[PDB]
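One structure is given below, encoded as structure tokens.
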2 protein chains.
Amino acid sequence: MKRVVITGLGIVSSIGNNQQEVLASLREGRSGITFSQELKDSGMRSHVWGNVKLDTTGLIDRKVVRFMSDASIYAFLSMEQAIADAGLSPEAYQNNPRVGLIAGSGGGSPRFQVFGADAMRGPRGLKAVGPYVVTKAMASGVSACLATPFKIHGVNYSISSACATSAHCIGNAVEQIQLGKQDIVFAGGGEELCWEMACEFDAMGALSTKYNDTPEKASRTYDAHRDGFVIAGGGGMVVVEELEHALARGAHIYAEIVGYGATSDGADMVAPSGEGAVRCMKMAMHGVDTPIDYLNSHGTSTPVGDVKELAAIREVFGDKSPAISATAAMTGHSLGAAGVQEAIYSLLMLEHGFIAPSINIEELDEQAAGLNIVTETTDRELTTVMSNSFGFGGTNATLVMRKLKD
Amino acid sequence: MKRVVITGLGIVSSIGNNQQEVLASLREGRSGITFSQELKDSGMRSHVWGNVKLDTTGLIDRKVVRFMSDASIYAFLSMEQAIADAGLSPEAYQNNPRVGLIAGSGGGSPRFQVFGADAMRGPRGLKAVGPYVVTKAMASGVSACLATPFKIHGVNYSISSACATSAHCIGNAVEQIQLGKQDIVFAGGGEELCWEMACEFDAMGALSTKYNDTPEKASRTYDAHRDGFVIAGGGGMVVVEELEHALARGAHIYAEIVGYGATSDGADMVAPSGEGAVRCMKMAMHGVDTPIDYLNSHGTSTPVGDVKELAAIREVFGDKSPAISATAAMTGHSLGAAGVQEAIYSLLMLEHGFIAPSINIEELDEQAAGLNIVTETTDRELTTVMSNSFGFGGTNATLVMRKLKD
Ligand SMILES: *C(=O)CCCCCCCCCCC
Ligand SMILES: *C(=O)CCCCCCCCCCC
Ligand SMILES: [N+]
Ligand SMILES: [N+]
């Protein structure tokens, strides 16, 4: 079939507003977690989050941004970055049936959905709601709000799968190219950050609550004292392109997507079975004749999740386990945007030959012994990398990226 | 080059709780629209909707339904029907890596999102929210809540694209089979019905408001006096299966999916360009050398939308325009669930050899002159049918289904 590569990337995360700032953070093992007065004031127990430190005011045309929620905004900015980074101009990607977009979010826009209901219940009713809430709150917001202004004519929809959302978007973009339907597909996603959505995770005891006094230490994947993930927001976009098309235009190729796994646990609603992850990674590794040098785990810093994934990793690789680090210990978990942002962190590590450190591991978990968990920025010539993304509903996604021969 | 067929269906709509009840409604041109005190009490101008006339209490295991919102419930029930209709036993589709599920909703669950925020702001805070709001409100709720209890091991995620959602879910399912990755994929979707979501549409003037005293006449696609669509809820699911696999087990085949189109307008955020729909239908018709005997239009009864689609149809078929009817005039528009429900209506028409009437046309719009809009139930031996689905963000989907030879 057709080979697929990544020729551009864009990102807005808790550790950087572009790939340069992100690279700097990854290398330094810098945390993007800060104290949130908003979460505290809402009555939550978790008072920390991975927020985007950027004033998006006036960065998007007024007539365009009026239909957008934060998830769409973060993704839109990420896409602008990706387009430039890919060296693409309007004449090449706009009004072109061979160019599409697949990007989504985990929950659309809880903030505007609540805004809509709150306004409607007010004395002005419909007049207070306004005519822009639907595009801001609908689940497809991220794809709709980008495909329209960027004049995309190809495929256009969002894939949603909880914390695996943007990982499946990328995988599906790869499939569109392998099917020969598209030459280029912008893939990724975004997720807003707000108490409206965060309080639901706190309500199920999934968020960290014992480290509010020391925010940068809250997310501590694999640490024996971890107590839940740190919610984060942001966006990310990658330019997925057919190999010949990319070579023909002299594009800059970060890596080739040589593996994509998507499976289902068919077990628990909010807990991983591990069995699904094993099949997902094996699927992504099928046909890959090179060993996995680095593995960017899902590792959101949860008691069960963290170790369940490691057990799955041991089952897949056995004794030949790759180097592992959970970037979430620095950035927090951006839910729907986690898949693309982590794929990007992995691509930056591959591009710059280094392994980001898995921070805040003061006491390694016993069930994490016998594995190579990197806790310090390590320079190394990586060739093949793997990134895992798991979401509620037993949904699993795995991406394997490899450098292209010279 | 795998061929794909539909071997089972399930549905919960405003016009029936199973395929038999729906068949009867379609043949009788019976409206599923009723007056809604809920919408009126909320302060809306639109007081009509296509509600599901069924008490779902106790129809799903307590431990399972606790994680579900209405969209998931409708889809779940639809899937139970589809499984039985397809004649699939547990050991045939469960714990099987070759069996997946792709289903979504247009907006997850506005009701539970608002519920969570409301509860959180109350005197009980987190305790009032409970630990089940995330799985109910997340955009992937429909796929997550079904893949888990049905023991799905293959693909598992939701495709979301506003009012084209379930149509893209079906198309993606076809793609998974064509890629040889799955032998069976349950595809479809669901959408809850509530003022929390409906008021947002009324706020942009998209819903009918001039026929509240005569509910069954509110949805009137192609009528010169149409004034917006009638919001509806419900679910639908179809069993997408590889041909050889279906034949081998002696499955009942409704039709083969011979065409699937998915395009983007790249124009207006909440209005169709028409140009995108032309490309979508043409894409779905590629290689289809049989004429379209019946076209189930998106036709949601909107001023601009109704005629824009007819213009696109004229451009695609020219002087060879097919018989057309908008089932939405009877059922209302179920948003994310519309795609699969309309594909099911089309399959029932194909299976039973008849064309459902496009009701409530008291005065045909002038821009619809010269077309074959069926306004009376008409028996006819159909062979190839087409169904269109369009959504905000300029997202387009078209499905073409054809009876298998003998
Ligand atoms: C990751 O799998 C955990 C679940 C994330 C679901 C997406 C975010 C849902 C927000 C709306 C519900 C609060
Ligand atoms: C169809 O294209 C019109 C848009 C449908 C969106 C359905 C989901 C909306 C959820 C958010 C409402 C404020
Ligand atoms: N990851
Ligand atoms: N349709």
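Using the three backbone atoms N, Cα and C, a Cβ is placed for every residue, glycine included.
According to Swiss-Prot, the active site, for beta-ketoacyl synthase activity annotation covers B:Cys163, B:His298, B:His333.
Over all protein chains present, the Cβ of B:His298 (active site, for beta-ketoacyl synthase activity) has 31 other Cβ atoms lying within 10 Å. Residues B:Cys163, taken from the active-site residues B:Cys163, B:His298, B:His333, are distinguished by a CB atom under 6 angstroms from ligand 2. Among the active-site residues B:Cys163, B:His298, B:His333, the residues whose Cβ sits under 6 Å from any atom of ligand 4 are B:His298. In the three-state DSSP scheme, B:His298 (active site, for beta-ketoacyl synthase activity) falls into the coil class.
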